[PDB]
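What follows is one structure encoded as structure tokens, with my remarks underneath.
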Amino acid sequence: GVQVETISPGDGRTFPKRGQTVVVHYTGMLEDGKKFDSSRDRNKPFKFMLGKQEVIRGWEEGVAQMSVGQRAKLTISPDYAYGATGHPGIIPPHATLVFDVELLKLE
Ligand SMILES: C=C[C@H]1CN([C@@H](C)c2cn(CCOCCOCC(=O)N[C@H](C(=O)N3C[C@H](O)C[C@H]3C(=O)NCc3ccc(-c4scnc4C)cc3)C(C)(C)C)nn2)C(=O)[C@@H]2CCC[C@H]1N2S(=O)(=O)c1cc(Cl)cc(Cl)c1
């Protein structure tokens, strides 16, 4: 599944709703601890629309469990990410992924 742990609290009340655009900063790490992606390098937040399934399942479900302003650690099992095959050259087969995610705004 996806586990969500608070690093810094959000407002506790404003949770993403289906069809809203979710605006975040993130860093993604493998189980070996290595960073494979981050929006922070780009100085431009990442945006996705909740419900479009245009991010992996653990994001669709995990970021929906965050309140605006929260920074959270998401631990995502392979079946909620890239599964048996992974994404060759980037994500190993059957990989658990760890993200540091900050929910900046909803639009
Ligand atoms: C834009 C990066 C996100 C990649 N994804 C989705 C969109 C994804 C895309 N892909 C296709 C293979 O992309 C490998 C490189 O990913 C980094 C990247 O910048 N991708 C670009 C990308 O996907 N973009 C650029 C824009 O942000 C829009 C987006 C895009 O084309 N989205 C369409 C799309 C494509 C595939 C999927 C998939 S495939 C399996 N599940 C899904 C949901 C869902 C939606 C690129 C393909 C145009 C170059 N596989 N997964 C994530 O769900 C998750 C969660 C949100 C943040 C990123 N990840 S990730 O950090 O786990 C990640 C980073 C990298 Cl360097 C590589 C991977 Cl495989 C995963």
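Every chain in the structure tokens has a letter given in the order shown (A, B, ...), and although residue numbers restart at 1 in each chain, ligands are simply numbered from 1 in the order shown.
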Can you list, as a count of residues only, all residues belonging to chain A that DSSP tags as alpha helix (DSSP H)? 7
Per residue of chain A within 6 Å of ligand 1, record the nearest atom pair and its distance in Å to one decimal, counting only C-alpha atoms and all ligand atoms, with rows in chain order and ascending residue number, as a tab-separated table.
```
residue	atom	partner	partner_atom_place_in_ligand_line	distance
A:28	CA	ligand 1	61 (O)	5.1
A:36	CA	ligand 1	66 (Cl)	5.7
A:37	CA	ligand 1	66 (Cl)	4.8
A:53	CA	ligand 1	43 (C)	5.8
A:54	CA	ligand 1	45 (C)	3.9
A:55	CA	ligand 1	53 (O)	3.2
A:56	CA	ligand 1	53 (O)	4.0
A:87	CA	ligand 1	69 (Cl)	5.1
A:90	CA	ligand 1	67 (C)	6.0
```
Requested write-out: N, CA, C and O atoms of the selected residues, as a PDB file, in the first residue's frame:
```pdb
ATOM      1  N   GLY A  28      11.967  11.816  -4.987  1.00  0.00           N
ATOM      2  CA  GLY A  28      11.795  10.369  -4.998  1.00  0.00           C
ATOM      3  C   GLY A  28      13.116   9.655  -4.803  1.00  0.00           C
ATOM      4  O   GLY A  28      14.095  10.024  -5.466  1.00  0.00           O
ATOM      5  N   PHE A  36      16.231   9.565  -7.405  1.00  0.00           N
ATOM      6  CA  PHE A  36      16.087   9.372  -8.837  1.00  0.00           C
ATOM      7  C   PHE A  36      15.344  10.525  -9.510  1.00  0.00           C
ATOM      8  O   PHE A  36      15.379  10.648 -10.731  1.00  0.00           O
ATOM      9  N   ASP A  37      14.666  11.376  -8.727  1.00  0.00           N
ATOM     10  CA  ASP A  37      13.975  12.510  -9.303  1.00  0.00           C
ATOM     11  C   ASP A  37      13.643  13.492  -8.205  1.00  0.00           C
ATOM     12  O   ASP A  37      13.444  13.092  -7.057  1.00  0.00           O
ATOM     13  N   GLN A  53      -5.517   9.599 -12.713  1.00  0.00           N
ATOM     14  CA  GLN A  53      -4.608   8.460 -12.692  1.00  0.00           C
ATOM     15  C   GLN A  53      -3.431   8.759 -13.619  1.00  0.00           C
ATOM     16  O   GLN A  53      -2.935   7.841 -14.276  1.00  0.00           O
ATOM     17  N   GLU A  54      -2.919  10.011 -13.579  1.00  0.00           N
ATOM     18  CA  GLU A  54      -1.755  10.440 -14.357  1.00  0.00           C
ATOM     19  C   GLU A  54      -0.493  10.514 -13.508  1.00  0.00           C
ATOM     20  O   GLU A  54       0.546  11.029 -13.963  1.00  0.00           O
ATOM     21  N   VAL A  55      -0.580   9.893 -12.332  1.00  0.00           N
ATOM     22  CA  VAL A  55       0.549   9.616 -11.480  1.00  0.00           C
ATOM     23  C   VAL A  55       0.287   8.220 -10.939  1.00  0.00           C
ATOM     24  O   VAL A  55      -0.864   7.739 -10.980  1.00  0.00           O
ATOM     25  N   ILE A  56       1.316   7.566 -10.397  1.00  0.00           N
ATOM     26  CA  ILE A  56       1.165   6.229  -9.856  1.00  0.00           C
ATOM     27  C   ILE A  56       0.121   6.182  -8.733  1.00  0.00           C
ATOM     28  O   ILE A  56      -0.170   7.180  -8.071  1.00  0.00           O
ATOM     29  N   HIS A  87      10.773   0.383 -14.121  1.00  0.00           N
ATOM     30  CA  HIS A  87      10.971   1.225 -15.280  1.00  0.00           C
ATOM     31  C   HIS A  87      12.447   1.140 -15.616  1.00  0.00           C
ATOM     32  O   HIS A  87      13.300   1.720 -14.927  1.00  0.00           O
ATOM     33  N   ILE A  90      15.789   3.108 -14.366  1.00  0.00           N
ATOM     34  CA  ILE A  90      15.432   4.133 -13.380  1.00  0.00           C
ATOM     35  C   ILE A  90      14.872   3.474 -12.123  1.00  0.00           C
ATOM     36  O   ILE A  90      15.413   3.658 -11.037  1.00  0.00           O
TER      37      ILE A  90
END
```
Of A:102, A:40, A:92, A:14, the one nearest to residue A:71 when counting only C-alpha atoms is A:102
Near residue A:41, within 12 Å and counting only C-alpha atoms, which residues show up once chain neighbours fewer than 5 positions away are dropped, as JSON, numbers by chain? {"A": [25, 26, 27, 35, 36, 46]}
Put those residues in a file: N, CA and C atoms, as a tab-separated table (two decimals), in the first residue's frame.
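Once written, part30.tsv looks like this:
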```tsv
chain	number	residue	atom	x	y	z
A	25	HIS	N	5.97	19.98	-4.32
A	25	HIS	CA	7.38	19.69	-4.56
A	25	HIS	C	7.65	18.30	-4.03
A	26	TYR	N	8.52	17.56	-4.71
A	26	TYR	CA	8.82	16.20	-4.33
A	26	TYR	C	10.28	15.85	-4.60
A	27	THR	N	10.75	14.87	-3.84
A	27	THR	CA	11.94	14.08	-4.12
A	27	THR	C	11.56	12.62	-4.00
A	35	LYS	N	18.42	9.13	-4.72
A	35	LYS	CA	17.46	10.03	-5.34
A	35	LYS	C	17.42	9.77	-6.85
A	36	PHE	N	16.23	9.56	-7.41
A	36	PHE	CA	16.09	9.37	-8.84
A	36	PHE	C	15.34	10.52	-9.51
A	46	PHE	N	5.54	20.58	-9.36
A	46	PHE	CA	4.88	19.58	-10.17
A	46	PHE	C	3.38	19.65	-9.91
```
From a DSSP calculation on the backbone, collect every residue of chain A in strand (DSSP E or B) and output the set as number ranges by chain. A: 2-8, 21-29, 35-38, 46-49, 71-76, 87, 91, 97-106
Ranking A:67, A:75, A:43, A:6 by minimum distance to residue A:104 and counting only C-alpha atoms, which one comes first?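 Counting only C-alpha atoms, the residue closest to residue A:104 is A:67.
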